[PDB]
Amino acid sequence: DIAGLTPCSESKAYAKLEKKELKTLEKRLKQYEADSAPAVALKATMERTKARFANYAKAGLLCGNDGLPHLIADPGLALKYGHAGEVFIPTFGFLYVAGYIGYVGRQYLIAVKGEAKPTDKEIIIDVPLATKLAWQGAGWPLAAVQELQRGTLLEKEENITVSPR
Amino acid sequence: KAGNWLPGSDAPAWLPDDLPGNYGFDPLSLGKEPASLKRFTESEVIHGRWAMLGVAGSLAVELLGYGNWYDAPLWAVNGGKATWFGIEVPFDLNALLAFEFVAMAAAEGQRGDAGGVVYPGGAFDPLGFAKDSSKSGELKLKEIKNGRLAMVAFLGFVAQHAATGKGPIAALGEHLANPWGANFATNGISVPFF
Amino acid sequence: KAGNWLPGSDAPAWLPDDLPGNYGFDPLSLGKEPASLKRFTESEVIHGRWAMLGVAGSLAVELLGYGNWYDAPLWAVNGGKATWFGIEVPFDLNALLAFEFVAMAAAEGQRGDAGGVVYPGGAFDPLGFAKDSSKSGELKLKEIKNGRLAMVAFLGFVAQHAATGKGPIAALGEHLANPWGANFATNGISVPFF
Amino acid sequence: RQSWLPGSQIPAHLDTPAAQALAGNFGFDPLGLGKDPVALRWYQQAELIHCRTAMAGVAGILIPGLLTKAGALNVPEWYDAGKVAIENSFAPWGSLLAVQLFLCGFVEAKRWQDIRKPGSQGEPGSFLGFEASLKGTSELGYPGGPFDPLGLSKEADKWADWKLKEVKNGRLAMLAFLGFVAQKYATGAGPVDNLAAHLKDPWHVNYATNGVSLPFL
Amino acid sequence: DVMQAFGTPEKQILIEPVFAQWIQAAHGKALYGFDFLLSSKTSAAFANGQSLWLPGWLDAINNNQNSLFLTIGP
Amino acid sequence: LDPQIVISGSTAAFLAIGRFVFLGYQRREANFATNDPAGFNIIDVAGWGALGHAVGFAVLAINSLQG
Amino acid sequence: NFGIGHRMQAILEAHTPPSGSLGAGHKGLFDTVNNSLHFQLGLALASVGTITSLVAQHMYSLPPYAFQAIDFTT
Ligand code: CLA
Ligand code: CLA
Ligand code: CLA
Ligand SMILES: CC1=C[C@H](O)CC(C)(C)[C@H]1/C=C/C(C)=C/C=C/C(C)=C/C=C/C=C(C)/C=C/C=C(C)/C=C/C1=C(C)C[C@H](O)CC1(C)C
Ligand SMILES: CC1=C[C@H](O)CC(C)(C)[C@H]1/C=C/C(C)=C/C=C/C(C)=C/C=C/C=C(C)/C=C/C=C(C)/C=C/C1=C(C)C[C@H](O)CC1(C)C
Ligand SMILES: CC1=C[C@H](O)CC(C)(C)[C@H]1/C=C/C(C)=C/C=C/C(C)=C/C=C/C=C(C)/C=C/C=C(C)/C=C/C1=C(C)C[C@H](O)CC1(C)C
Ligand SMILES: CC1=C[C@H](O)CC(C)(C)[C@H]1/C=C/C(C)=C/C=C\C(C)=C\C=C\C=C(C)\C=C\C=C(C)\C=C\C1=C(C)C[C@H](O)CC1(C)C
Ligand SMILES: CC1=C(/C=C/C(C)=C/C=C/C(C)=C/C=C\C=C(C)\C=C\C=C(C)\C=C\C2=C(C)C[C@@H](O)CC2(C)C)C(C)(C)CCC1
Ligand SMILES: CC1=C(/C=C/C(C)=C/C=C/C(C)=C/C=C/C=C(C)/C=C/C=C(C)/C=C/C2=C(C)CCCC2(C)C)C(C)(C)CCC1
């Protein structure tokens, strides 16, 4: 559709690749008796291969002349043409998890900083406190906005060290 | 102050209450510096005065059945002849460009040297309206408000044309004929997913 | 106090006793601020005066077999010409729209610039009538009550037509013909179900 | 002190007297979202608007649905009603939404500015004499005035009870809408059918037997 | 590399250079079907330069044997 | 377009605008004795005159392209 | 030498955003550049180096010499 690509569902190269892959697995399945554990394993890989080629096509992925799925990363083209589960949604999923890790770690460092030996709490992890922050990190995005709006997220330049210039 | 753009908000301190057309609207704080505000005050009035002439002209041509403001200059790129109120104009693009350049260079040049003079008066106020101070405030407000509305109208004239290709009067006609079926939300350009 | 709209209720103190039509009815506390009450007072009289002319002419046309208030403008929407008392009026909608706009803007502008004068005089009060305050008070109460009644009447006409699509006199005939068969509860709109 | 979890430690930010003045305060903020007072005030406004919208919408899905199930009505299922209504409307959906955003944005902006500075919308000369009524009350999120036509908020001996019923009924309607969405995706039927089907065989007709909610069992 | 090693080339991440292909379309290349500017025969940018360089340029930018805006992919 | 007419008129126009319109602004921006009352020196003539020639040739050049 | 033209120092000194977003703007930069051969060499190298890459990108995509595109080695 976009970029002159073609649905994997209608690509002939996509179909030939699936046959090529299953024919390698079948050429090997022969040297073994039907119930032999080797045979069972090659069969389960063949079933997994058939499901992948079918699942990828059903997801409406586009395929290039190579017969391989290409991912659409433009938010505009992805939303208008049904390709948002390829890069857009993954982006907000990762950003949530990555911010989760960052906000929890920042909250931990801030908590241990007011202790007697912060350095000790960095080599020996205060597990109970760490677990508490780990659970409270689900609402980090709203907490990060509320900190950004109170002006408590950043540090005053006057309190940050710098070189002579 | 003329009023408040956002009821219950605080008007910026840099905007003088005497400034004609002050509604406290400077959310970008673009006029926080006094010299910048002085230029912006002259440019709003100038832009408004051109816009008002433009919108009046854009409407007249179509209302008098001479075409729309957009198709006005096509005669030059169609190898035709200039027309005004029907009368054919003897000059051509070359002559128009030269006459205008000289005319605009002279006038604007004369005004530029005079400085930020926004309200010249004298030869420019022959019937003597803004001679006093009492009439002045209201008359300058009416000028700035009508200029702001015309600037917005002209913008509308361009945006609507770019999306529909119709003249302002022709678009009014379609909206009046089918109000809910003929608007920006039905164009297919203003809101892509609508 | 012309009376108590709700017997057993106490009148809002913000409502002046002399205020014509003061039945102590401001349940939502809209006229509590003096400035607001001032504007609403003038607006209420204006609304009543307009409605009293609208109801009159809405009933007259139908009574004179010239049609109903709802079908009076359809001549413009179709190719029909304009008629009045049967006599034909030679004007297109566009002419009427422009003529009314200028006329209304002029008279309304004078009224507006005056400053909320609800009760002028001289030209608006020939035939004396409001020269003595004693008569003025009762005459002001009669104007507001007749005006409020006419405002409820017009809304009734619009609502009845929206539910039945018939003229006000035509309804009065249907109801009188079959009161228990012809009423708001027997239209399939006012009362749901049934 | 009522507690969402008897014996649990109530956050100190929900035990503060101002927080206790809030309706529906059962000490529930396990994620600590309202520790900051200024945020707690914004979230209280947000909870009130969600409660009042969910109650109106859920009433507009259940009440019509039960009446249709009886016969008094023939309303389409909530998830099919948009298509049915737009089918014979005077306007396409896009035009109807554009008009909605304009009218909602205006009243939403006025409510917003009232949160930023309570009483600001009473700015004299800002609304043709209506600004006087546009000023709310001393309690944010409870405008009253024209929004309380019957003056029920004027009875101080009943104020607290009324607000608790609004918050609890609102929180229930918010969960009932989430239930309507989840049940639609897991059943392919409407909320009134889901109810009748479960009541016929509750031990074999439930989310444990829907083949979606519990993909492990 | 791991997807190629495990014999699953259909599982590799292949992001299309849409932003660059859109620029190439703007310059005239129609292979991507974006249809705009020099790639659109009804565009003003197309008509204004039709009697100047566009003809020769479009012939060259649409020839996939030179090095003028080579085709690009993942 | 007569070559002699276009250029001749173009040069005169720029010389005039630079002698009665932008002379003050240029002088202010500027922050060969001329007996000219406005002190229009030869170098000034060369400048505006050049501008005129360029604009003139441009008009003739595009006109020669016939559109 | 003829009374007409721009003084680079005056140009730079005038380029100061009115909001103070760039501090004193380009004040003192005339003398900074005019008295620093290293500053002058830094600009020349940065400009010539960028121009050299443009030559590489344009000469291969728009070959200016006849029978150059067929000489793959060259
Ligand atoms: C970050 C770099 C980047 C780049 C290089 C592009 C590039 C592009 N985008 Mg885009 N986009 C981006 C980020 C980017 N986007 C982000 C972060 C978002 C989230 C809001 C979007 C949302 C978006 C939408 C909704 C659309 C595009 C579209 C497009 C294509 C045409 C847009 C245009 O005219 O100019 C380039 C655009 C940008 C430089 C920035 C954003 C795109 C603008 C805001 C959209 C305006 C599109 C306009 C209607 C022109 C297309 C007309 C018609 C075909 C719809 C184009 C190839 C349009 C498209 O082709 O859809 C089929 C489309 O409508 N993008
Ligand atoms: C609380 C943990 C934490 C947080 C919030 C941040 C945040 C940040 N780091 Mg960073 N960093 C960390 C740990 C952390 N770092 C550690 C442990 C290292 C040693 C490898 C570094 C090394 C590092 C470098 C070299 C750089 C940053 C940079 C940055 C900034 C740019 C965004 C970025 O993340 O780049 C990416 C950061 C990384 C890829 C480092 C990954 C660190 C892991 C994933 C974090 C795990 C922390 C800890 C184990 C969790 C404890 C939890 C607690 C409950 C026990 C950003 C503000 C960049 C910058 O300065 O931009 C302005 C930069 O160049 N960091
Ligand atoms: C635009 C029409 C209008 C206006 C401006 C007013 C204004 C006023 N009325 Mg009045 N009234 C009206 C129509 C109107 N009335 C009608 C049609 C009736 C007959 C039912 C009455 C019967 C009535 C009584 C008995 C009394 C008043 C009184 C008053 C004054 C008290 C102050 C007040 O109530 O707040 C301000 C009022 C308004 C702002 C009205 C504006 C219109 C509303 C607020 C907008 C929405 C209305 C809504 C659509 C409901 C309409 C009815 C519905 C069926 C459609 C005030 C100046 C009291 C008084 O002291 O009079 C001297 C009083 O005793 N009115
Ligand atoms: C204030 C503020 C501040 C804060 O802070 C922020 C913000 C918001 C940013 C800001 C705002 C801004 C804005 C809105 C602006 C706008 C503008 C405009 C629209 C203009 C127009 C403007 C416009 C104008 C002048 C117009 C003009 C026109 C003219 C002359 C004429 C024309 C014409 C005519 C006759 C007709 C023909 O056939 C054609 C033509 C030739 C075409
Ligand atoms: C100084 C002087 C001196 C002496 O002494 C005296 C005297 C003479 C008086 C003076 C002069 C003056 C003047 C010249 C004035 C002018 C004015 C104007 C023109 C205005 C406009 C003004 C104008 C304006 C506002 C405009 C407006 C517009 C608008 C709203 C628009 C609307 C629309 C649109 C958008 C589109 C669609 O589709 C259609 C429509 C519907 C159409
Ligand atoms: C508190 C806390 C704290 C800690 O810290 C943490 C945590 C736990 C996280 C938190 C929790 C949270 C939660 C639970 C939330 C939930 C929410 C919701 C559910 C909402 C809804 C919400 C909901 C809502 C608004 C709703 C709305 C609705 C509506 C409008 C309706 C509409 C409609 C109807 C009528 C019918 C048609 O046919 C259709 C439609 C169109 C559809
Ligand atoms: C007071 C109060 C206070 C407390 O707070 C509460 C509340 C309750 C809120 C308030 C209330 C208010 C109200 C009730 C209002 C109502 C009603 C109305 C109806 C008005 C109208 C009003 C109405 C009106 C003016 C009307 C008018 C009309 C007119 C001129 C005219 C018409 C017509 C005619 C002749 C005939 C033709 O063919 C057509 C037409 C042209 C169509
Ligand atoms: C709250 C949080 C943290 C973050 C702290 C801070 C201060 C982060 C700073 C963010 C800043 C200053 C960003 C500045 C500019 C960012 C800009 C201009 C955004 C660019 C994004 C663009 C252009 C989007 C690109 C696309 C979108 C729509 C999504 C995908 O489709 C992919 C793509 C590229 C097409 C801490 C402490 C690291 C801890 C953790 C949680
Ligand atoms: C003194 C006086 C006078 C005047 C006189 C005169 C007449 C003057 C003029 C003079 C002149 C007569 C001037 C002119 C100048 C010109 C110039 C100086 C030109 C130059 C040229 C150029 C620079 C060109 C270049 C080029 C080429 C070569 C090639 C192509 C391209 C171009 C065109 C660009 C009067 C009477 C008023 C008064 C009294 C005294």
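Every heavy atom of this structure was used, including side-chain atoms; hydrogens, water molecules and symmetry mates were not. Below, read A as the first sequence line, B as the second, and so on, with proteins coming before strands; counting in each chain starts at 1. Order of appearance sets the numbers: ligands from 1, and atoms from 1 within every ligand.
Taking both residues in full, the closest heavy atoms of E/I72 and E/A20 are given as CD1-CB, 3.4 Å, listed atom of the first, atom of the second, then distance.
The protein reaches atom 21 (C) of ligand 4 closely, with a heavy atom under 4.0 angstrom from it.
No donor-acceptor pair under 3.5 Å is formed between the side chain of B/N187 and the backbone N or O of B/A163. The main-chain N or O of B/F85 is found under 3.5 Å from a side-chain atom of B/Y66 such that the two form a donor-acceptor pair. In this structure a side-chain-to-backbone donor-acceptor pair under 3.5 Å is missing from A/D1 to A/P7. With hydrogens and angles disregarded, a donor-acceptor distance shorter than 3.5 Å links the side chain of B/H161 to the backbone of B/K166. Listed for the A/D74 side chain is no donor-acceptor partner under 3.5 Å among the backbone atoms of E/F19.
Atom 2 (C) of ligand 8 has its closest protein heavy atom at A/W140 CZ3, 4.0 Å. Ranking protein heavy atoms by distance to atom 20 (C) of ligand 1, first place goes to A/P75 CB, 5.0 Å. Atom 37 (C) of ligand 8 has as its closest protein heavy atom A/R106 CD, 4.3 Å. E/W22 CH2, 4.0 Å is the protein heavy atom nearest to atom 36 (C) of ligand 1. With hydrogens left out, the protein atom closest to atom 30 (C) of ligand 8 is A/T91 OG1, 3.3 Å, a heavy atom. Atom 27 (C) of ligand 8 has A/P75 CG, 4.4 Å as its closest protein atom, hydrogens excluded (heavy atom only). Of the protein's non-hydrogen atoms, the one nearest atom 7 (C) of ligand 8 is A/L153 CD2, 4.5 Å.
Scanning B/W69, B/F25, B/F40 for the heavy atom closest to atom 1 (C) of ligand 4 points to B/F25. Distances from atom 6 (C) of ligand 1 to the heavy atoms of B/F193, E/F19, A/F88 show the closest one on E/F19. Selection from B/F157, B/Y70, B/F154 by nearest heavy atom to atom 42 (C) of ligand 4 gives B/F154. The closest heavy-atom contact to atom 24 (C) of ligand 1, among the options E/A26, B/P192, A/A73, A/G76, comes from A/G76. Nearest to atom 40 (C) of ligand 8 by heavy atom, out of A/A78, A/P90, A/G99, is A/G99. Taking each of A/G105, A/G102, A/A143, A/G76 in turn, the one with a heavy atom nearest to atom 39 (C) of ligand 8 proves to be A/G102.
With a 4.0 Å heavy-atom cut-off, ligand 1 is reached by no atom of A/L79. Of all the heavy atoms of A/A73, the ones lying under 4.0 Å from any atom of ligand 8 belong exclusively to the backbone.
At least one heavy atom of B/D26 sits closer than 4.0 Å to an atom of ligand 4.
Each of B/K145, B/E138, B/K140, B/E143 was checked for a side chain to side chain contact (heavy atoms under 4.5 Å, CB included) with B/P20, and the lone residue meeting it is B/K140.
Between B/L28 and ligand 4, at least one N/O pair is under 3.5 Å apart.
Residues A/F88 and A/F92 place their aromatic rings such that the two centres sit under 6.0 Å apart. With ring centers used as reference points, B/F154 lies 6.0 Å or more from B/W50.
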message: Show, in sequence, the C-alpha distance, side-chain angles and deciding distance for A/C63 and A/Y56, and conclude whether the side-chain contact (heavy atoms from CB on, under 4.5 Å) test is met.
response: CA-CA 10 Å; A/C63 269; A/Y56 285 177; over 6 Å; no
